[PDB]
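Participant: got an experimental structure here, sequence first:
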Amino acid sequence: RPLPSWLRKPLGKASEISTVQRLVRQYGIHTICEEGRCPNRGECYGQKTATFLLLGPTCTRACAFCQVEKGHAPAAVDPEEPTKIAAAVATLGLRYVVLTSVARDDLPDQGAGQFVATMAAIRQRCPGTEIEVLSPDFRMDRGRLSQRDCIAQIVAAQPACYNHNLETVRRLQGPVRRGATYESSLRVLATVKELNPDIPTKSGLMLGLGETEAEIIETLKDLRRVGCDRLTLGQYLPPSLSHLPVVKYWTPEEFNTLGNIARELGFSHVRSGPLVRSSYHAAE
Ligand code: SF4
Ligand code: SF4
Ligand code: NA
């Protein structure tokens, strides 16, 4: 499984990004871009986009693919996080913002209010900035606000796009994800369309975890059945030796081919390639 050529070059490239790095730390908030040293930073920062991580910076779930730092207990909730993010968005002059969060099984609203508050803070401070949500599944809802109502709170704030990743095919949901299921994640996407069919929905998979093309294609059809508009396909790269190994490096050609299959199946926006991530070119 050594690193293929098409990946060594872009994974070793560095760009001028220091102002952004400094501001994020200074304002006391966290981005996926920085928490994972994303190889797309030069391009995204250049396009005035970033992905902020709410309710962390650690997660307790420890999904075997995920780059978020593992935490011993739920991160204390910062009531000023929404305002601080909006201030960063303003000073960075971002045009397109993706909001995501860690899973918060411990909170009565599963953290859904934090999304709503952050969206409100950004709208009141930053004119023209669009906001995409990369949502948790909100599935652990016994005695909580229901999965449906968590989604509804966010849908009510009219994101530019509602993204919820399946991450992998049905067969691999067990080993790849913790606390998630295939049907629950598809239900997130369907629920958004029930609540407001005008909100674009998006999902994504990471390839290289042992899925086959046959299984990928079935998953694409499953996504179109719940009216998923947008798709990202990217290469799984283990964040550390403790994470799942890469089974396969999918070639640029294979990503192109699958990209085109997805377009034929009616996805209206598709990004497919080795360094593609959920937020990559999200602004379109
Ligand atoms: S791909 Fe996503 S995570 Fe990476 S730099 Fe762009 S916005 Fe940040
Ligand atoms: S995928 Fe979500 S739940 Fe799993 S570790 Fe990452 S942040 Fe936590
Ligand atoms: Na992302």
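Facilitator: Good, I have the coordinates. Numbering: from 1, shown residues only. Ligands and ions are numbered 1, 2, ... in the order given.

Participant: mind listing the helices for the stretch 1-150 of the chain?
Facilitator: Using DSSP state H, counting those that start in this stretch, the helices of the stretch 1-150 of the chain run over 5-12, 18-26, 32-35, 41-46, 81-92, 112-125, 147-156.

Participant: let's have those in CSV, adding mean neighbour count.
Facilitator: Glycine gets a C-beta too; all of them are placed from N, C-alpha and C. Putting the helices of the stretch 1-150 of the chain into CSV (neighbours: other Cβ atoms under 10 Å) gives the following:
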stretch, mean neighbour count
helix 5-12, 12
helix 18-26, 13
helix 32-35, 20
helix 41-46, 18
helix 81-92, 20
helix 112-125, 19
helix 147-156, 19
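
Participant: looking at the ones you listed, which is closest to residue 56?
Facilitator: Nearest to residue 56 among the helices of the stretch 1-150 of the chain is helix 32-35 (8.0 Å), distances taken as Cβ to Cβ.

Participant: and the closest one, anywhere near ligand 2?
Facilitator: No - shown here: helix 32-35 not in contact with ligand 2 (Cβ under 6 Å from any ligand atom), separated by at least 9.6 Å.

Participant: what residues does the chain have near ligand 1?
Facilitator: Residues of the chain lying close to ligand 1 (Cβ under 6 Å from any ligand atom) are 32-33, 38, 40-41, 44, 49-51, 277, 279-280.

Participant: on that earlier part again, now render the helices of the stretch 1-150 of the chain as CSV, adding distance to residue 233.
Facilitator: Formatted as CSV, the helices of the stretch 1-150 of the chain follow (distance: least, Cβ to Cβ, whole Å):
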stretch, distance to residue 233
helix 5-12, 15
helix 18-26, 27
helix 32-35, 18
helix 41-46, 18
helix 81-92, 28
helix 112-125, 25
helix 147-156, 24
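
Participant: to residue 260, which of these lies closest?
Facilitator: Proximity to residue 260, assessed across these by Cβ to Cβ, is greatest for helix 5-12 (18.4 Å).

Participant: which helices and strands does the closest one pack with?
Facilitator: The contact analysis (3 or more Cβ pairs under 8 Å, 6 or more residues apart in numbering; DSSP states H and E) places helix 5-12 against no helix or strand.

Participant: which other residues reach that helix?
Facilitator: Helix 5-12 is contacted from outside by 3, 39, 235, 237, 249, 251-252, 274-275, using Cβ atoms under 8 Å, 6 or more residues apart in numbering.

Participant: quick check: residue 159 touching residue 119?
Facilitator: Yes - using Cβ atoms under 8 Å, residue 159 is in contact with residue 119, at 7.0 Å.

Participant: in stretch 189-203, what counts as buried?
Facilitator: For stretch 189-203, burial by neighbour count (16 or more other Cβ atoms under 10 Å) applies to 189, 191-193, 199-203.

Participant: so how far is ligand 1 from the residue nearest to residue 94 when sequence neighbours are not counted?
Facilitator: Counting by Cβ to Cβ, 6 or more residues apart in numbering, residue 48 is the residue found nearest to residue 94 once chain neighbours are left out, at 5.0 Å. Per Cβ to the nearest ligand atom, to the nearest Å, residue 48 is found 11 Å from ligand 1.

Participant: residues near residue 183, how many?
Facilitator: When neighbours are defined as other Cβ atoms under 10 Å, residue 183 has 11 of them.

Participant: ok, the helix or strand where it lies near ligand 2 or not?
Facilitator: Element membership for residue 183, per DSSP states H and E: helix 182-195. No - Helix 182-195 does not reach ligand 2 (Cβ under 6 Å from any ligand atom); its nearest approach is 11.4 Å.

Participant: quick one: contacts for whichever residue of the stretch 101-250 of the chain sits closest to ligand 3?
Facilitator: Nearest residue of the stretch 101-250 of the chain to ligand 3 (Cβ to the ion) works out as residue 134 at 6.5 Å. By Cβ under 8 Å, 6+ apart, the residues touching residue 134 are 51, 98-100, 163-165, 278-279.

Participant: could you find the closest non-adjacent residue to it?
Facilitator: Distances taken as Cβ to Cβ, 6+ apart put residue 100 closest to residue 134, at 3.9 Å, once the chain neighbours are dropped.

Participant: so that neighbour sits against residue 56, correct?
Facilitator: No - contact between residue 100 and residue 56 fails when scored by Cβ under 8 Å: they sit 9.4 Å apart.
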